[PDB]
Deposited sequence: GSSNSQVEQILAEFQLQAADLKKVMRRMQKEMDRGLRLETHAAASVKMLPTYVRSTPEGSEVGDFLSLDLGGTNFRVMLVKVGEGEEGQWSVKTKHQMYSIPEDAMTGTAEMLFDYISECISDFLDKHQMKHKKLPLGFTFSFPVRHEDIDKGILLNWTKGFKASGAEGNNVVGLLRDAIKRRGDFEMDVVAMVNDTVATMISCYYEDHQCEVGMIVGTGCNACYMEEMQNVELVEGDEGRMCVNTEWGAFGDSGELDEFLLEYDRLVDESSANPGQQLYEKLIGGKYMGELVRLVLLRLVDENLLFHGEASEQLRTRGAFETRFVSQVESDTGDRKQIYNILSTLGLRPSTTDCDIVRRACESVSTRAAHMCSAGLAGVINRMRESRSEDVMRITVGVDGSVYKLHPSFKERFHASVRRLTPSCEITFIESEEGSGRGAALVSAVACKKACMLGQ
């Protein structure tokens, strides 16, 4: 049959309750490996200490600048903390050319510094010297709140001279090379962490941050005794899991499919960020493409006919997956339209089913990691039912028509003894860097 042979292929994307439970428990075990001194260095899940600590509430009053780098698109923000407490923000967006992302680190940071300069000119404040927080969305071994070494680029970044170097130093050196303004860089955080802190400001039960964007990652508050990499037992510290690398020691092998290996082999970082490659917005559009090329070379789609755009890597953009999915066949009709194609009414349906297969597997995979984080925190405390708040940001989670609903329901089935509240960050990845800076300044 025509339709059933297609479902057979699509069916491989399914994950049973038991699969997701198995993925979850293994995540918890990799988490524990990343935390312990004995196994940390070999851990796929690095559980990197952030120096962001549980602390009495409050910060300095004043103006704070934040930068947010985590993709081709980035953001400068001016945040005003006033006191009872109020936080007001102003932002601008900047798009980074390919040139600046695949040349040197100096070039990337000079662009960045040019953007800051623009931001300050347009807010009549170029003569002010302010504290600055930096949300830097790549794996970093922190040595303190304001010092961190880039372990490796992810999500397709390549700038040379950065890995192994203090990223804060590179920011400052670029600022000084320009000589057009001055800033005190006082903090550097992951986007998870910034999202968590921005969320915590609104709801003090927010102790987890998650991003499902171009990439996928989470952070959470750990007891200090469990954070063996940092001396001390008292209080809590935020740990940047870098769960994107889950599977990099083979933990997911049984779940990986042909199209996953192919996305991985042609990615900027083969063999790394495998769990992220199942989920992130960087890759979800490409997985879909590769599936359609299977259904075309099975003679099961576009009467066996595939365009030049579809023969070419990157053409099926994650934004398309989101639109396809958002019953009269009209958007689907007008994403395919441009790609040089003529859906039957059946192709519209098939394409939609593919999008949905890849997207559903992402929400389900993602849900298992977060359940792991959440269920581990519950277990570490004295909870029958743990009430917890999770701050979330990212273009997949926000904009993807039903990714979020599928994710929510899957998460909830795996965390039957927690009641979870999701706070969707308006601009948390940037705002949280200002708020951490304000707390850092208080000391």
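- Unmodelled segments of the deposited chain, in sequence order: 1, 85 to 88, 332 to 333, 451 to 456.
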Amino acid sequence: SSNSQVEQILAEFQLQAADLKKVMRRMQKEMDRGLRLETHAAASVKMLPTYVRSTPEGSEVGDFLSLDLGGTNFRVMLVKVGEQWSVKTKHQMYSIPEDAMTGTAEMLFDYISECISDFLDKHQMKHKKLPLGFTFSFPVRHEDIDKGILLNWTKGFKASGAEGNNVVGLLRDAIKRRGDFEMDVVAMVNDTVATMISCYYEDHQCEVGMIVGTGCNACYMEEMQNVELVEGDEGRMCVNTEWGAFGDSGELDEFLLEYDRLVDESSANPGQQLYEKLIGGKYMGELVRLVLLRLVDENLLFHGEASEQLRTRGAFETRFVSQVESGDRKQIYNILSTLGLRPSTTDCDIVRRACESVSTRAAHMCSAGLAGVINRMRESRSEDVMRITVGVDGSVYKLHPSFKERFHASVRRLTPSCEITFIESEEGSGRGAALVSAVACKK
From here on, numbers count along this sequence of modelled residues.
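- For the segment pair 329 to 337 and 202 to 210, the entry gives 329 to 337 the higher mean B-factor, averaged over Cα atoms.
- If you average the C-alpha B-factors over 111 to 119 and over 340 to 348, the higher value belongs to 340 to 348.
- Per the PDB record, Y259 has a higher Cα B-factor than any other of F136, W153, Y220, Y259.
- Across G314, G271, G82, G161, the entry's maximum B-factor at the CA atom is seen for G314.
- Per-chain ranking of the deposited C-alpha B factor places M188 in the lowest third.
- Looking at the C-alpha B-factors along this chain, the one for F407 belongs to the middle third.
- Annotation for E38: CA B-factor lies in the highest third of the chain's modelled residues.
- The deposited CA B-factor of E60 belongs to the lowest third of values across its chain.
- Ranked by C-alpha B-factor against the other modelled residues of its chain, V6 falls in the highest third.
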